[PDB]
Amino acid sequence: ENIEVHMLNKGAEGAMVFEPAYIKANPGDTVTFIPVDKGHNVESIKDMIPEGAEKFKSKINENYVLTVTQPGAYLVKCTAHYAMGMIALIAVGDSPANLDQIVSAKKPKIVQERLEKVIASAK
C-alpha cells in the first residue's frame, strides 16, 4: 500500500513539519512525499536508517516516492529545515531493531523533542 505525507511550513506541531510524522509501513509499501508548501525535500539521515537500506535525497519541491524494503526504523529530514525540527520517523515491520539507537543518537534539541513526541504521542 501507499501512504501519503505532506511537507508544510506550519502544521499541528508548529513550523516546518511532515504530516504525518510517524509512518507505519511494511516492506514493499510506498511512501509518497508531497511538498504542499515550497522549499522542502526529504533526505535519509546518516546512521539513522536500517543496515542494508540505501540512502536517499529528493529534489526540492518535487513529489517523491520512496519504496521501503528493509525492516527497521528510518529517520528522515527536510535538508533545509532539519535544525528547525522537520523530521519524520518511518517504522517498517514490527519492533524495529534500531529504534532505541535512533532515539539515543546525537541530534538537535528541537529534533529530539519532536521525535520523542511522535514516538509517544503518535505511535
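One-based numbering along the sequence shown.
The deposited model assigns a higher average Cα B-factor to 46-54 than to the other stretch when 46-54 and 74-82 are compared. Look at the C-alpha B-factors of 105-113 and of 14-22. On average they run higher in 105-113.
The residue among 90, 97, 68, 36 whose C-alpha atom has the highest B-factor in the PDB entry is 36. In the deposited entry, the Cα temperature factor of residue 8 sits in the middle third of values across the chain's modelled residues. The deposited CA B-factor of residue 32 belongs to the middle third of values across its chain.
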